[PDB]
Amino acid sequence: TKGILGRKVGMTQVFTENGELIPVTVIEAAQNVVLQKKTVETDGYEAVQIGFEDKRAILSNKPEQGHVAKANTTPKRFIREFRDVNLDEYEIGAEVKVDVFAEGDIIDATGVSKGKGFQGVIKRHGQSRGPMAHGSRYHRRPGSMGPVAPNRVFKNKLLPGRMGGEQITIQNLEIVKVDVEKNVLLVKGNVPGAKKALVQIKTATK
Amino acid sequence: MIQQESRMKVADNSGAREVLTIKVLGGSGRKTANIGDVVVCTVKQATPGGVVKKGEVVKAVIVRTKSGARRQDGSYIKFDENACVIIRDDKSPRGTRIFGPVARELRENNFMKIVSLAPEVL
Amino acid sequence: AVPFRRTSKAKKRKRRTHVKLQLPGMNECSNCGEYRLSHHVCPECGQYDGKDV
Amino acid sequence: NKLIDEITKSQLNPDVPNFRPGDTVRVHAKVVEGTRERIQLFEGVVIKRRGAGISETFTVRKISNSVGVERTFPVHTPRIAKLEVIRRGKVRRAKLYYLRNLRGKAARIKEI
Amino acid sequence: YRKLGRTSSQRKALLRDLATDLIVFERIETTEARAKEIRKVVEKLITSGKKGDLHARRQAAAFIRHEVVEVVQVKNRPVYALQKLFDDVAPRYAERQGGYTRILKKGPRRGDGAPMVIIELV
RNA sequence: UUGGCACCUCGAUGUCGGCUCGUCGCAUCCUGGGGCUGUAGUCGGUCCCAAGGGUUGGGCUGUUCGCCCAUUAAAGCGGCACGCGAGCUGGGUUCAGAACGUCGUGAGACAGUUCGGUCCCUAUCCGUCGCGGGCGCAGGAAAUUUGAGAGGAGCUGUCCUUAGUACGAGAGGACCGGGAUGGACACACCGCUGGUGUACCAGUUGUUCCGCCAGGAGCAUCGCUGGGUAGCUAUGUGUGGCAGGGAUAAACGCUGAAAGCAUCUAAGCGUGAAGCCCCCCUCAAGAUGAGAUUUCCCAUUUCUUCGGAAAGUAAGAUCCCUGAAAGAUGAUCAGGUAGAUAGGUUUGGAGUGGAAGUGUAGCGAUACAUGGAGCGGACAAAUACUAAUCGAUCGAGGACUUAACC
Ligand SMILES: CCC[C@@H]1C[C@@H](C(=O)N[C@@H]([C@H]2O[C@H](SC)[C@H](O)[C@@H](O)[C@H]2O)[C@@H](C)O)N(C)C1
Ligand SMILES: [Mg+2]
Ligand SMILES: [Mg+2]
Ligand SMILES: [Mg+2]
Ligand SMILES: [Mg+2]
Ligand SMILES: [Mg+2]
Ligand SMILES: [Mg+2]
Ligand SMILES: [Mg+2]
Ligand SMILES: [Mg+2]
Ligand SMILES: [Mg+2]
Ligand SMILES: [Mg+2]
Ligand SMILES: [Mg+2]
Ligand SMILES: [Mg+2]
Ligand SMILES: [Mg+2]
Ligand SMILES: [Mg+2]
Ligand SMILES: [Mg+2]
Ligand SMILES: [Mg+2]
Ligand SMILES: [Mg+2]
Ligand SMILES: [Mg+2]
Ligand SMILES: [Mg+2]
Ligand SMILES: [Mg+2]
Ligand SMILES: [Mg+2]
Ligand SMILES: [Mg+2]
Ligand SMILES: [Mg+2]
Ligand SMILES: [Mg+2]
Ligand SMILES: [Mg+2]
Ligand SMILES: [Mg+2]
Ligand SMILES: [Zn+2]
């Protein structure tokens, strides 16, 4: 199981050798370093901690500087753990390049979905509108809060509230191209998040 | 992108001039039919002396739509109108002639007799 | 629609725990010697504490 | 995006001629019929050209057997053997959607 | 871009009014939201002024108000805001790339607590 | 269900059907497993286990119901104030008008019909969905996390092959296994196809204005019309429910006595469901049981008999300011000259479609050239020109006991 951290650059399309045209997400994954290895003896579980993008000194504090000094590297914007990896691979301070993947590798992409702010039940939960005419005064409303008997509302009556900005995993995206000199992965289809969003690419759990 | 109540020109030689879509086939709640899909339909306008008569409930394959079709190569095809061809339970047309162009998608769905009779297959 | 019970003094006072003003963000100027909002012009001197006008 | 431009640059077909909406073009389109690959000519007026770089598409309209047919292509698709501009049309706009509601004579584009 | 509690046409009128005021008076007091919109519009008028040619003068003329700034006296002819923008204001920013305005924060207005600012050329 | 009773409510517990939103039971409609069959096969019948998910769109009628059309794997039956009117509707019913049949001498009335007919309310509390502030968590901090526990998901068709094999006199026609491809549903995203796009580009009418012409501006739904960027989007695209594992239900067995036999059961072994627990996705240490790892700061001053107190600080954080990928506000995240955070500027790009001025041709409307021109919100990159100045505020000094090393 291999893993890397990249930024979503954007979407485009590529023609396959076949001739088919496929949509791709461009993930730029430069400056991934191995910062720490967690073992069962020390931490209670196997994981490798990867630091992604380089960050100006004045944006880092002394606690951060002390943690990346152990891996002889500069402060890092994003630090994430990968579990289910082989710790025998990964030396502390080693770069992690996008060539840990190959064209045809099936990956899971994890990121935070775009923020839509306060949203109603129609957009947030795909509920149906009431009629728009025939005397209706019920358009974009949540529906009955429930029956009478329990003198209260059950605990998953879906209602308006803040919509996106959740963690999302898309499973089984094909890697379409790996460009090491550009530190670029091309992934078939889309991954969560706005442009410039952290994307965690790891080998498909399935 | 044809649904219940969508009317369609009949692109063939059988009596039917205009059909009304009664049902998109192939799924419990299937909303929409595309090029190459078979619909159940009623004949709303007939040609006097034709084989297929007004009020007859028939099956028809959609052979061109305004909502066209995407192809794997990333190209699309769209027609100026929605037309269908009345068929038997074997995918053969009730008519002897097909009028107007017909989408290549028919050849893939195995409507070979229709593809052969069509003046152009785009 | 309407209050079922009047609100007690305690409950009213708890609700107002957060109904308050914050102190303004201010500090003494060097040239003036008197208080001013940060990132504002100081009227005592009559200009921006740093940039003369 | 400059990085997406660099990555896609290699897939830009340089054989693509200069054409505008209003031009009559002849698309030599590859067609995989049964097993053997075939060239089907599609000749019509360029109705629309939209997008940028590898994502740029154009649409060609023709009347086939008294039915308007529109064919939309990626500009840089390798499934177009050859695109030749047959005549240069005199038009006043980028999108000739008005042609969708005109039949013969009324739908004529003046040649330049 | 900011909607300043106004419809589209009201907002264009407001921007043209304030843009002209800043060109004519060179220093105005307004609300922070208005100033943050005015800097964009005034800096583009000064850019036109620096371009200097007839096409740019006519683009500015479509925006700037027909206001008299002063009456100068050779006969005494009036000077129009457009003339001030092309002859007085623009030429004094000939060696300055952009950043023709500055916003000084002032303090809240008594009647509505609106945060007021000075916006000035320089 | 039709009823019986009259116990709560007449200083009001809104009553049918529908819409929205569901949730529960299982007496199971489908899908899963199985026994018997008057089970050859394909289909079925009947019973047992099984509530995970699923369970259509129309015609008629206020309807519920029901019949019908066309589908579907299937079109389950019930409960929740015949669920849900401070959520909607208001067709029916149950008001004042009017009329018909009928009854009544009449006023009027109905085992009846008909046309028409005011649906109020700013949410206090609990509850539900989101989002902050406080304190806690025996020092103060910055990150990375474990997962007790919770939520989500859970559906299914057709075709090909196995095989025209098994089975059958034929007609017909499989299990099991392998593949492909759908429907419905969900999540993400805008490259594509489209939608929108009220500070983008163009055309155009009327009238007023800019002194006039030219060129522009105002108002007429953004005047109208044709396009359209970013953003937001579905009807668009990508992906998912894969494959498992453990223990079981009904059931099938093995060994096996009680009961020299027999017997799946008593001791003891196995098989065995879409179900249970995992696996998958998300939240999660206020998990007060307040967990773990890495890193940072250190043991200051004056008082307090005493315990402790207060007052400068460290690491760090905030106020304030520039903002957007974030957003009701807080919050979050990107920045604050240790500077590309925003605006401007310069160069691009999309988009529009050929500016103005000038010239040429034409009697002229206009055309052509200069010239893919000019314009160009929100997109890209560079650039410190403008503004993120200058300040201030908060924030440790680590209790006791015992054990183990020591
Ligand atoms: C078969 C019916 C049985 C009775 C119904 C109920 C009652 O009287 N409802 C009132 C209601 O009028 C309005 S709703 C228009 C009021 O808002 C509502 O609160 C309420 O009073 C009215 C409809 O008659 N009774 C308690 C029992
Ligand atoms: Mg947002
Ligand atoms: Mg609906
Ligand atoms: Mg309304
Ligand atoms: Mg209760
Ligand atoms: Mg207007
Ligand atoms: Mg009694
Ligand atoms: Mg009462
Ligand atoms: Mg049962
Ligand atoms: Mg009706
Ligand atoms: Mg009821
Ligand atoms: Mg009701
Ligand atoms: Mg109610
Ligand atoms: Mg009588
Ligand atoms: Mg009535
Ligand atoms: Mg309300
Ligand atoms: Mg309240
Ligand atoms: Mg709990
Ligand atoms: Mg799109
Ligand atoms: Mg678009
Ligand atoms: Mg006008
Ligand atoms: Mg004029
Ligand atoms: Mg007027
Ligand atoms: Mg035995
Ligand atoms: Mg087992
Ligand atoms: Mg299943
Ligand atoms: Mg930038
Ligand atoms: Zn001062």
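First the proteins, then the strands, lettered A, B, ... as listed; each starts at 1.
Under the 5.5 Å centre and 30° plane thresholds, the six-membered base rings of F:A250 and F:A251 are judged to be stacked. Judged by ring centres closer than 5.5 Å and planes tilted by less than 30°, the bases of F:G90 and F:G91 are not stacked on each other. Remark: F:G364 and F:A365 stack on each other (six-membered ring centres under 5.5 Å, interplanar angle under 30°). Stacking check, F:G197 with F:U198: criteria not both met, so the pair falls outside the 5.5 Å centre and 30° angle limits. Judged by ring centres under 5.5 angstrom and plane angles under 30°, F:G231 stacks onto its neighbour F:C232.
Checking F:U237 for Watson-Crick or G-U wobble geometry (two distances, each under 3.5 Å) identifies F:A188 as its partner. Summarising the base pairing, F:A141 is matched to F:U295 through a Watson-Crick or G-U wobble pair whose two defining distances lie under 3.5 Å. With a cut-off of 3.5 Å on both pairing distances, the Watson-Crick or G-U wobble partner of F:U158 is F:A180. For F:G3, there is no paired base (Watson-Crick or G-U wobble, both distances below 3.5 Å). Using the Watson-Crick or G-U wobble rule with both distances under 3.5 Å, F:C67 pairs with F:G59. If you check F:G371 for Watson-Crick or wobble pairing at under 3.5 angstrom, you find it has no partner at all. Of all nucleotides present, none satisfies the Watson-Crick or G-U wobble test against F:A284 with each distance under 3.5 Å. For F:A267, there is no paired nucleotide, since no Watson-Crick or G-U wobble pair has both relevant distances below 3.5 Å.
Contact of the D:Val91 side chain with the D:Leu96 side chain is registered, since non-hydrogen atoms from C-beta on lie closer than 4.5 Å. With a 4.5 Å cut-off on side-chain heavy atoms, A:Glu46 and A:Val40 count as touching. Side-chain contact between B:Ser75 and D:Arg71: present, with at least one pair of heavy atoms (C-beta onward) separated by less than 4.5 Å.
In this entry F:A392 carries a north-puckered sugar, per its positive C1'-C2'-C3'-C4' angle. Using the sign of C1'-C2'-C3'-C4' as the criterion, F:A247 is classed as a north pucker. Judged by the sign of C1'-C2'-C3'-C4', the furanose ring of F:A99 adopts a north, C3'-endo-like conformation. A negative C1'-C2'-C3'-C4' dihedral is found for the sugar of F:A338, placing it in the south range. For F:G291, the sign convention on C1'-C2'-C3'-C4' gives a north pucker, since the angle is positive.
F:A403 takes the anti form, because its glycosidic angle lies more than 90° either side of 0. Syn is the conformation of F:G90, whose glycosidic angle sits no further than 90° from 0. F:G391 adopts a syn glycosidic conformation, its chi angle falling within 90° of 0. Against the 90° criterion about 0, the sugar-base torsion of F:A220 places it in the anti range. For F:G79, the base adopts the anti conformation, since its glycosidic angle falls more than 90 degrees from zero.
Taking a 6.0 Å sphere around CZ of E:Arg11, one finds it holds more than 12 heavy atoms contributed by other residues, nucleotides or ligands. Around the OH atom of C:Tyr35, the shell of radius 6.0 Å holds no more than 12 heavy atoms that belong to other residues, nucleotides or ligands. Remark: C:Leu23 CG is loosely packed, at most 12 non-hydrogen atoms of other residues, nucleotides or ligands lying under 6.0 Å away.
Between F:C283 and F:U144, the distance separating the two P atoms is 14 Å to the nearest Å. For the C1' atoms, the distance from F:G397 to F:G139 is 7 Å, rounded to whole Å. Look at the P atom in both F:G191 and F:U162: the space between them is 47 Å, to the nearest Å. Taking atom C1' on both F:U293 and F:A285, the two are 15 Å apart, rounded to the nearest angstrom. F:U20 and F:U89: their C1' atoms are spaced 11 Å apart (whole Å). Across the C1' atoms, F:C232 and F:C189 are found 12 Å apart, a figure rounded to whole Å. Comparing the P positions of F:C176 and F:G32 gives an interatomic distance of 10 Å, to the nearest angstrom. Comparing F:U55 with F:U28, their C1' atoms sit 12 Å apart, to the nearest whole Å.
Under a 3.5 Å limit on both donor-acceptor distances, the bases of F:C375 and F:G351 meet the Watson-Crick or G-U wobble criterion. Applying the 3.5 Å cutoff to both bonds, F:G147 and F:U337 do not register as a Watson-Crick or G-U wobble pair.
With a heavy-atom cut-off of 4.0 Å to chain B, the contacted part of RNA chain F has its first and last nucleotide at F:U56 to F:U237.
Within the 6.0 Å centre-distance limit, the rings of E:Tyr80 and E:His66 are counted as a close aromatic pair. Ring to ring, D:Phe58 and D:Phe19 are close: their centroids are under 6.0 angstrom apart.
With sequence neighbours excluded, no residue satisfies side-chain hydrogen bond (donor to acceptor under 3.5 Å, both in side chains) with E:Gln83. When the side-chain hydrogen bond (donor to acceptor under 3.5 Å, both in side chains) test is applied to B:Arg71, the partners found at least two apart in sequence or on another chain are B:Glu105.
At a threshold of 4.0 angstrom between heavy atoms, the contacts of B:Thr32 with the nucleic acid are absent. Across all strands, E:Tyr1 comes closer than 4.0 Å to base atoms (heavy-atom distances). Counting any heavy atom pair closer than 4.0 Å across all strands shown, E:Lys12 reaches sugar-phosphate atoms only and no base atom.
Toward the 5′ end of RNA chain F lies the nearest nucleotide of C:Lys11, the other residue of the pair A:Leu59 and C:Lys11 mapping further downstream. For E:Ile103 and A:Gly115, each mapped to the nucleotide of RNA chain F holding its nearest heavy atom, the one lying further toward the 5' end belongs to A:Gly115.
With A:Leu35 as reference, A:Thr73 is the one residue of A:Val48, A:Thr73, A:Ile50 to meet the side-chain contact (heavy atoms from CB on, under 4.5 Å) rule.
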